[PDB]
Structures are given as structure tokens and as C-alpha cells.
Amino acid sequence: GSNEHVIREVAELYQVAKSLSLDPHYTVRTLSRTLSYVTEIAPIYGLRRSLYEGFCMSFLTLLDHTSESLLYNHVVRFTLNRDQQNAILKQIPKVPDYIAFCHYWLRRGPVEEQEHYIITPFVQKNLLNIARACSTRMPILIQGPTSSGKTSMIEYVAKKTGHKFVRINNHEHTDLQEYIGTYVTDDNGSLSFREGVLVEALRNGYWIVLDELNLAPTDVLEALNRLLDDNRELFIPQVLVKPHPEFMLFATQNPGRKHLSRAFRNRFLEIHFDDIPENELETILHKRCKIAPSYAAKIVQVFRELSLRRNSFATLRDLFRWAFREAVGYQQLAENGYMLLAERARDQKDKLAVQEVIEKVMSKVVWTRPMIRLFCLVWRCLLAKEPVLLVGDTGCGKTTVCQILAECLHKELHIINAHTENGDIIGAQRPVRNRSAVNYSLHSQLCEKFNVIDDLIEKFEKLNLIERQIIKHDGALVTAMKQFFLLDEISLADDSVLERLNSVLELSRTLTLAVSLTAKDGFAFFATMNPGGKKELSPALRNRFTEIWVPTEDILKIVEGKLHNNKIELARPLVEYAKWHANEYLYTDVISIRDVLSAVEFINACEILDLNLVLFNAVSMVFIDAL
Ligand SMILES: Nc1ncnc2c1ncn2[C@@H]1O[C@H](COP(=O)(O)OP(=O)(O)NP(=O)(O)O)[C@@H](O)[C@H]1O
Ligand SMILES: Nc1ncnc2c1ncn2[C@@H]1O[C@H](COP(=O)(O)OP(=O)(O)NP(=O)(O)O)[C@@H](O)[C@H]1O
């Protein structure tokens with residue numbers, strides 16, 4: 001509807017939908033939503049030629065070549081030259097109208113939010129302006145590579161105070177308690193469903209992102225699409241929200257691990273934030289890290305080469321870990337740094353040797369060689385204070401190295417054991433109070449107004465420890481950051497606890513109680529999770545921690561430490577006996593140290609004599625009769 005100029009523009013838009021034949025792949029009714037959005041931002045900061053410019057921007061958001069963008073700006077631009085295209089960049093009368101953004105960009109206005117150390121290169125500013133040009137209309141989805149920072153750009157734009165970037169990181173079996181939210185009771189009452197993360201962003205602002213929705217748990221996808229029936233109305237028993245504008249973004253991945261719905265991929269104004277360029281990253285790391293001309297440049301080139309040799313790990317978040325970790329001042333030392341950080345996740349020696357060549361193109365305990373290259377890595381990652389997982393064989397040395405470091409760095413390794421409430425009690429509790437405070441209320445009344453007695457509590461209630469008295473919340477990592485938290489078997493941990501741990505992870509701690517933000521004096525989450533309900537976390541939540549993978553006669557020496565006083569050479573038989581049992585039964589060259597451990601237990605529990613008969617009955621008890 002809303003000149004003969006616009007009739008020439010009708011000819012231009014028709015030329016665009018006619019040059020649809022320049023090859024799904026910019027399908028039919030995308031032009032309809034594009035015309036709707038052109039109508040949307042029409043008077044709101046727009047020339048009609050600029051309206052079609054921003055419109056066909058979202059006709060070529062997810063594309064291959066910008067010669068279509070060249071012809072599209074040629075059409076719209078012609079309807080509206082290099083000076084004219086610069087006049088399209090005049091945001092001045094556009095922004096004259098809602099907290100504005102930089103250029104072709106004046107969004108809405110909310111917590112007062114401001115900038116960051118999030119320095120932006122050319123292609124980054126391009127995609128940022130793209131997502132911004134999306135972010136004035138009102139759904140939106142943004143697929144691609146995870147290490148390239150989709151929510152990095154999303155929060156870089158949320159820095160301009162559209163809202164906060166509530167990154168709901170659904171891993172693999174995220175249920176409705178993550179989305180709709182339910183909560184603990186009260187001081188006395190019940191209060192079953194008393195919180196939210198999606199519905200909280202539905203009531204308030206704080207622009208949510210149901211991230212990683214590629215691996216959705218197969219029904220919250222369905223109820224979330226039920227929430228994409230109405231605009232911002234959420235029925236959960238209790239009817240609706242009807243929000244103001246924050247955003248409603250979402251992020252799948254580079255698309256066969258459970259491919260998303262094409263109906264869902266045709267119900268939102270989608271986007272494809274493709275990977276950042278190479279020298280783009282070379283510039284990007286030069287400020288957020290300390291910069292070296294060739295150490296930094298070659299690391300980016302090595303990331304490119306690791307891409308060039310090509311669900312394992314190649315995350316550039318770990319490249320930032322490699323950068324800020326490397327305190328080298330030496331190209332060989334930095335080579336070893338990027339090596340070992342890349343040699344963290346080595347699930348096989350083949351790819352380890354391959355990456356080694358690619359980089360080459362650029363105390364109560366017992367010492368041991370094959371665990372020294374776990375203890376040294378955990379020591380180094382402790383010095384960097386990075387988040388440090390540990391993955392591998394169930395019973396390989398994990399708690400040993402952890403207690404070894406807590407021996408060496410004198411510390412209080414508060415350990416835990418996962419698989420409800422105690423997972424929250426890693427962060428915080430709410431138990432019934434040990435009633436020493438019930439008698440401390442007598443001193444609290446002795447420090448109370450109008451004191452000369454529960455009748456005195458009534459008298460001070462006439463004119464908050466009284467409410468503490470009427471009510472009858474610490475935690476393990478709260479105690480840790482107060483005073484290393486080794487939450488072993490982290491794969492079977494919680495999700496909301498893992499959510500706050502993700503908030504606890506990246507270079508900052510937080511105590512999401514009415515809440516605060518905890519400090520960190522060395523509150524390491526020196527966790528573990530053995531390989532293999534062994535559902536891994538979000539690939540961010542894996543990638544947000546510097547992991548480590550792990551696996552001779554020293555097993556016999558270890559048993560010699562593990563055994564009784566004299567009682568010696570039976571294990572030297574028992575070691576090779578386990579070896580021949582291993583190659584014979586269930587053929588593999590693993591010492592299977594649960595078995596040898598229980599055998600050393602019974603052998604040091606031999607209340608009888610005749611050593612070889614003890615080992616006879618022992619290997620009968622553990623290995624032999626099991627077969
Ligand atoms: N421009 C930038 N400036 C500084 N750091 C950046 C920048 N871009 C990315 N990063 C960092 O690189 C990582 C990007 O990953 P992240 O910000 O988690 O996005 P993401 O992995 O897609 N999270 P999500 O989208 O919810 O799955 C983070 O550690 C950022 O701090
Ligand atoms: N060099 C060593 N010095 C002392 N003990 C060792 C050494 N190497 C291995 N061990 C022991 O071998 C076992 C290795 O298990 P470890 O992973 O450390 O704890 P774990 O509980 O068995 N792991 P997991 O069972 O998966 O939770 C422990 O009993 C260690 O004491």
C-alpha cells in the first residue's frame with residue numbers, strides 16, 4: 001500500500017521475486033514476511049528504499065554469494081550511487097524518533113546495560129548489524145558453529161539494553177522444570193511451582209534464548225512450539241504473560257544428531273551466523289589476549305590447519321583458553337601450550353599424533369609415570385585456575401590425583417558424589433535449623449529494642465531475628481568459595497545446578513540465591529565424569545571446562561603399597577595372573593584395577609597361612625570363579 005516511486009519499487013520487488021531464479025533456497029513466502037517486516041520498520045526509522053534494503057537483508061541472511069545482495073541493493077538502491085549507498089548509511093534521521101544503536105539501528109530501550117571487552121572486527125560487526133536488523137521487529141533462530149559465539153553476539157547486542165541474555169542451555173534431556181520452573185517450599189508452606197526461567201523472561205524482560213534446541217528433549221520442543229502458537233501467552237497451571245519486547249532468540253547448530261523440525265525451521269525469521277574469518281580471529285585475539293605478532297598469528301593459522309586436516313572437540317573457546325593460558329613468552333613454550341591444550345581431549349593416539357605434527361608445522365601415595373601426565377596437567381590448569389574436568393576409565397586414578405594435589409597444594413578438597421537436593425547443596429541448602437540458634441535468640445532478645453522472654457518477643461513485635469525464630473541455607477561450593485570442589489561423576493549431576501555452574505564457570509563466580517554473586521579464592525570445580533544414563537552436558541558446558549583424558553610393573557608396585565606388611569610376592573604372581581586372565585578372559589590389555597584392588601584387599605585380609613593357598617583362594621574368589 002503505502003507513490004509512483006513506490007510503483008517503481010513494486011517493479012523492483014517483483015524483480016527480486018523474479019530473480020528468485022538465481023540458483024527452499026529463498027523459497028516463496030519468505031517475501032511475504034519480508035514485506036510484513038518492511039511494513040513494520042517503515043515509518044520506524046526507514047526510507048521505503050531503506051525499508052526494502054532492510055527487507056532484502058533478511059532475504060539474503062542465509063545465502064551463499066552476495067552477488068544476489070549486489071543485485072538486491074542494486075534494485076532497492078536504484079529505486080531509492082556510491083554516495084547514494086552512503087546515504088543509505090545515514091542513520092541520523094532514522095535514529096530520530098527507545099535506546100538507539102549505532103547505524104541503520106535504533107532499537108527499543110530495562111536494566112541499564114553498557115559495553116564490554118567484546119571487541120568487534122569487520123565480519124563480526126556485519127553479522128552483528130544483521131542480528132540487530134532482525135532485533136527490532138518481533139521469533140528468530142540462529143544456527144551455525146557453536147565456538148564462533150552466537151550468544152557472544154547476542155549478548156554483545158544485549159549490552160545495548162534491549163535486555164539481559166538469559167541463555168537457557170538445554171543439553172540433551174532438559175525437562176520442563178528448566179523451562180517452566182518449580183521450586184522448594186517455604187518456611188512452612190508448600191509452593192510447588194514457584195519459579196521459572198522461560199516464564200520469568202515471559203513476565204519480565206531479560207531476553208531468553210532456548211539454546212542448543214537441535215538436541216531438544218523431544219517434548220519441550222513440542223510444548224515450546226505450543227508456546228509459539230500465541231505470541232507471548234504461556235499457560236502453565238496460570239494462563240498467559242503477554243510480554244513487552246526483550247527478544248525471543250534461539251540457536252540450533254550447523255546442520256545427523258537429531259535434525260530439527262523444518263516446520264520449526266519455517267516458523268521463525270531464521271539466520272545463519274557462519275564462522276568468523278581467519279585474520280578476523282587474528283585481530284580478535286590480539287586484544288582480549290596479550291598480543292604477539294607470530295605466536296598469536298600462528299595459533300590462528302593452526303586452528304585453520306586443524307580445520308584443514310578434516311563429535312570431538314575443536315572449540316575456539318579452548319583457543320581463548322590456549323591464549324590466556326599461555327604465559328609463555330617463547331614460541332616453543334607457546335607451542336607446547338597449544339599442544340597440551342589441544343592434547344587434552346585425545347581420545348586416540350592417532351589424532352593426537354596428527355595434531356602434534358600439525359603443531360610441528362608451526363604424602364601417603366606412590367609416584368607413577370602414566371599418571372604423571374595427568375598430575376602435571378592438573379597442576380598447570382590449577383595454576384591457571386581454569387575449569388578442569390576429568391574423563392576416562394572408571395577407576396583409573398582420578399580421585400588419586402585430586403587428593404595428590406590437595407596434598408601438595410595444602411587445601412580442603414570437599415568432594416561430592418552425584419545421582420535432587422544435595423546437588424543444589426553443592427551450591428546451597430535449606431535444611432531445618434540445628435537449634436543452637438533457638439538459644440541464641442535469647443541473646444538476640446538481649447540485643448533487641450525494648451528489652452529489660454517470648455512475651456518480650458511479642459513486645460518487640462508491638463513497636464529480623466524474630467522472623468528467624470519463627471522459621472525454626474549454606475552450601476558446598478558456597479563453603480568452597482567461602483573458604484576446591486571435586487563434584488565427581490558430573491555427567492549424572494543436575495541441570496539447574498549445572499546451569500548455575502555454567503554461571504560459576506566463565507572467569508567469575510555467582511551465588512544465585514534475592515541473590516548475590518560469590519567471589520573465588522581458588523574455588524576450583526576440579527570435577528570428573530567417567531566415559532561411556534551417561535548423558536553428557538551441553539557442548540558448551542563440556543567446552544567451558546578444560547577437560548583431560550586418561551588411560552605395567554608399577555601396577556604391581558602399587559599393589560605392593562596396597563598390600564600387607566611382608567606378604568609380598570603373591571601380588572607379583574597376582575599381577576601377571578590378572579594379565580593372563582585379561583588376555584584370556586575378555587581379551588584386552590587393561591589391568592582392570594577394581595579386580596586387582598579387591599584381590600589385594602582379600603590378600604591383605606588373609607587370616608590364614610600358606611601364601612600360595614591364600615593367593616589360590618583369592619584368585620579363585622575374584623577372577624577365576626567369575627568366569
Ligand atoms: N567478540 C568477542 N570478544 C570477546 N570474546 C569473545 C568474542 N566472541 C566470542 N568470544 C568468546 O568466545 C566464546 C564464545 O562462545 P559463547 O560466547 O559461549 O557463545 P556460544 O558458545 O554460542 N554460547 P551459546 O550460543 O549459548 O551455545 C566465549 O568464551 C566468549 O567470551
Ligand atoms: N600411583 C599411585 N599411587 C597411589 N595409588 C594409586 C596410584 N595409581 C593408582 N592408584 C590407586 O588406584 C585407584 C585408582 O582409582 P581412582 O580413579 O584414583 O579413584 P577411583 O574411585 O577408583 N576412580 P572411580 O572408581 O572411577 O571413581 C585408587 O585406589 C588409587 O589409590
# chains A, B, ... in the order shown; residues from 1 in each chain; ligands from 1
>>> closest_atom_pairs(of="chain A", to="ligand 1", cutoff="9 Å", atoms="only C-alpha atoms and all ligand atoms", output="Markdown table")
| residue | atom | partner | partner_atom_place_in_ligand_line | distance |
| --- | --- | --- | --- | --- |
| A:116 | CA | ligand 1 | 3 (N) | 8.4 |
| A:117 | CA | ligand 1 | 4 (C) | 6.1 |
| A:118 | CA | ligand 1 | 3 (N) | 3.3 |
| A:119 | CA | ligand 1 | 3 (N) | 4.9 |
| A:120 | CA | ligand 1 | 1 (N) | 5.1 |
| A:121 | CA | ligand 1 | 1 (N) | 7.6 |
| A:124 | CA | ligand 1 | 1 (N) | 7.2 |
| A:142 | CA | ligand 1 | 25 (O) | 8.9 |
| A:144 | CA | ligand 1 | 22 (O) | 8.7 |
| A:145 | CA | ligand 1 | 22 (O) | 7.4 |
| A:146 | CA | ligand 1 | 22 (O) | 4.4 |
| A:147 | CA | ligand 1 | 21 (O) | 4.9 |
| A:148 | CA | ligand 1 | 14 (C) | 5.7 |
| A:149 | CA | ligand 1 | 19 (O) | 3.2 |
| A:150 | CA | ligand 1 | 22 (O) | 4.0 |
| A:151 | CA | ligand 1 | 25 (O) | 3.8 |
| A:152 | CA | ligand 1 | 17 (O) | 3.7 |
| A:153 | CA | ligand 1 | 8 (N) | 6.7 |
| A:154 | CA | ligand 1 | 25 (O) | 8.0 |
| A:155 | CA | ligand 1 | 17 (O) | 8.0 |
| A:156 | CA | ligand 1 | 1 (N) | 7.8 |
| A:166 | CA | ligand 1 | 26 (O) | 9.0 |
| A:167 | CA | ligand 1 | 26 (O) | 5.5 |
| A:168 | CA | ligand 1 | 26 (O) | 7.5 |
| A:169 | CA | ligand 1 | 26 (O) | 6.2 |
| A:209 | CA | ligand 1 | 26 (O) | 7.5 |
| A:210 | CA | ligand 1 | 26 (O) | 8.3 |
| A:211 | CA | ligand 1 | 26 (O) | 5.4 |
| A:212 | CA | ligand 1 | 27 (O) | 6.2 |
| A:250 | CA | ligand 1 | 25 (O) | 8.4 |
| A:251 | CA | ligand 1 | 25 (O) | 6.3 |
| A:252 | CA | ligand 1 | 27 (O) | 8.5 |
| A:253 | CA | ligand 1 | 27 (O) | 8.6 |
| A:284 | CA | ligand 1 | 1 (N) | 6.6 |
| A:285 | CA | ligand 1 | 4 (C) | 7.9 |
| A:287 | CA | ligand 1 | 4 (C) | 8.7 |
| A:288 | CA | ligand 1 | 4 (C) | 6.1 |
| A:315 | CA | ligand 1 | 21 (O) | 8.7 |
| A:316 | CA | ligand 1 | 12 (O) | 6.8 |
| A:317 | CA | ligand 1 | 13 (C) | 4.8 |
| A:318 | CA | ligand 1 | 29 (O) | 8.2 |
| A:319 | CA | ligand 1 | 12 (O) | 8.6 |
| A:320 | CA | ligand 1 | 12 (O) | 6.9 |
| A:321 | CA | ligand 1 | 29 (O) | 8.5 |
| A:506 | CA | ligand 1 | 29 (O) | 7.3 |
| A:538 | CA | ligand 1 | 27 (O) | 8.1 |
| A:539 | CA | ligand 1 | 27 (O) | 7.8 |
| A:540 | CA | ligand 1 | 21 (O) | 5.7 |
| A:541 | CA | ligand 1 | 27 (O) | 8.8 |
| A:543 | CA | ligand 1 | 21 (O) | 8.5 |
| A:544 | CA | ligand 1 | 29 (O) | 7.7 |
>>> closest_atom_pairs(of="chain A", to="ligand 2", cutoff="7 Å", atoms="only C-alpha atoms and all ligand atoms", output="Markdown table")
| residue | atom | partner | partner_atom_place_in_ligand_line | distance |
| --- | --- | --- | --- | --- |
| A:365 | CA | ligand 2 | 4 (C) | 4.5 |
| A:366 | CA | ligand 2 | 3 (N) | 3.6 |
| A:367 | CA | ligand 2 | 1 (N) | 4.7 |
| A:368 | CA | ligand 2 | 1 (N) | 4.6 |
| A:371 | CA | ligand 2 | 1 (N) | 6.8 |
| A:393 | CA | ligand 2 | 26 (O) | 6.3 |
| A:394 | CA | ligand 2 | 26 (O) | 3.3 |
| A:395 | CA | ligand 2 | 22 (O) | 3.3 |
| A:396 | CA | ligand 2 | 17 (O) | 4.0 |
| A:397 | CA | ligand 2 | 18 (O) | 3.0 |
| A:398 | CA | ligand 2 | 17 (O) | 3.7 |
| A:399 | CA | ligand 2 | 18 (O) | 4.2 |
| A:400 | CA | ligand 2 | 18 (O) | 3.8 |
| A:401 | CA | ligand 2 | 18 (O) | 6.5 |
| A:530 | CA | ligand 2 | 26 (O) | 6.3 |
| A:558 | CA | ligand 2 | 2 (C) | 6.0 |
| A:593 | CA | ligand 2 | 12 (O) | 6.8 |
>>> atom_distance(atom1="atom CA of residue 381 of chain A", atom2="atom CA of residue 546 of chain A")
7.9 Å
>>> closest_atom_pairs(of="segment 20-98 of chain A", to="segment 5-14 of chain A", cutoff="7 Å", atoms="only C-alpha atoms", output="tab-separated table")
residue	atom	partner	partner_atom	distance
A:75	CA	A:12	CA	5.7
A:76	CA	A:12	CA	6.6
A:79	CA	A:9	CA	5.9
>>> write_last_selection(atoms="C-alpha atoms", output="tab-separated table (two decimals), in the first residue's frame")
chain	number	residue	atom	x	y	z
A	75	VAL	CA	17.34	-2.90	-7.26
A	76	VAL	CA	16.43	-1.22	-3.98
A	79	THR	CA	14.64	2.63	-6.57
>>> atom_distance(atom1="atom CA of residue 557 of chain A", atom2="atom CA of residue 588 of chain A")
21.1 Å
>>> select_by_dssp(residues="segment 199-279 of chain A", states="strand (DSSP E or B)", output="count of residues only")
9
>>> residues_around(residues="residue 448 of chain A", least_positions_apart="5", cutoff="10 Å", atoms="only C-alpha atoms", output="number ranges by chain")
A: 441-443, 456-457, 460, 465-466
>>> write_last_selection(atoms="N, CA and C atoms", output="compact mmCIF listing (two decimals), in the first residue's frame")
# COMPACT_ATOMS: atom_id res chain seq x y z
N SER A 441 18.64 -16.94 70.15
CA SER A 441 17.55 -15.98 70.19
C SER A 441 17.42 -15.30 71.54
N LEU A 442 17.88 -15.93 72.62
CA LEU A 442 17.87 -15.27 73.93
C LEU A 442 18.85 -14.11 73.96
N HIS A 443 20.01 -14.28 73.33
CA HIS A 443 20.95 -13.17 73.21
C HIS A 443 20.50 -12.17 72.15
N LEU A 456 8.53 -10.87 75.54
CA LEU A 456 9.33 -9.75 75.07
C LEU A 456 9.50 -9.79 73.56
N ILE A 457 9.41 -10.98 72.96
CA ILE A 457 9.38 -11.04 71.50
C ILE A 457 8.07 -10.46 70.99
N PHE A 460 8.60 -6.56 71.46
CA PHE A 460 9.37 -6.02 70.36
C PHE A 460 8.63 -6.14 69.03
N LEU A 465 15.53 -11.24 63.37
CA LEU A 465 15.80 -12.48 64.09
C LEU A 465 14.56 -13.02 64.78
N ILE A 466 13.55 -12.17 64.99
CA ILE A 466 12.23 -12.66 65.38
C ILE A 466 11.66 -13.58 64.30
